[PDB]
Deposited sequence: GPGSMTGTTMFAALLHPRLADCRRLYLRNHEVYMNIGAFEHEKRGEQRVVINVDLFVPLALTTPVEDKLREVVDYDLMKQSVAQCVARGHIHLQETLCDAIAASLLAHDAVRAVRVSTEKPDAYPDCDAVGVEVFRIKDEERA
């Protein structure tokens, strides 16, 4: 992904397998979320080892929490697209990849999920 020409000047921040329990469905279900945020090196290269010099990666879990807390989600696309739109709404974000999946959708499958990858023009 960091080989893509629009992303070659970026670092990747990533959140792996963030689980939440929520009401979702077209009791609560487990949903597993993965996020990749692409932020420019020129905006996120610390030279004083200070948090203010980078994009705080706590924004990924915060954005998922905000989206899940809105309630009333039926489709995985609704949640996935909302997390991606939230995370794109930041000046220092160039691109985002978000997947959601339901490990318990089917007894004979590990998961079924939805993924988007959005890059700013």
query: Where are the holes in the model when you compare it to the deposited sequence?
result: 1-12, 39-44, 140-143
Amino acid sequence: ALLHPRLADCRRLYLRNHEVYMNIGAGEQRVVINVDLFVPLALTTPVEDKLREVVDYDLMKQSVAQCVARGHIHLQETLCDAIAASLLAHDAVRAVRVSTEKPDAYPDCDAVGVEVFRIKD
From here on, numbers count along this sequence of modelled residues.
message: Tell me which stretch, 68-76 or 33-41, has the higher mean Cα B-factor listed in the entry.
response: 68-76
statement: Ranked by mean Cα B-factor in the entry, 8-16 and 105-113, top stretch is 8-16
message: What third of the chain does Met22 rank in for C-alpha temperature factor, lowest, middle or highest?
response: middle
- prompt: By its CA B factor, does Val96 count among the lowest, middle or highest third of the modelled residues in the chain?
  reply: lowest
message: Based on the deposited C-alpha B factors for this chain, I'd like to know if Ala89 is in the lowest, middle or highest third.
response: middle
- prompt: Among the modelled residues of its chain, does the C-alpha B-factor of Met60 lie in the lowest, middle or highest third?
  reply: lowest
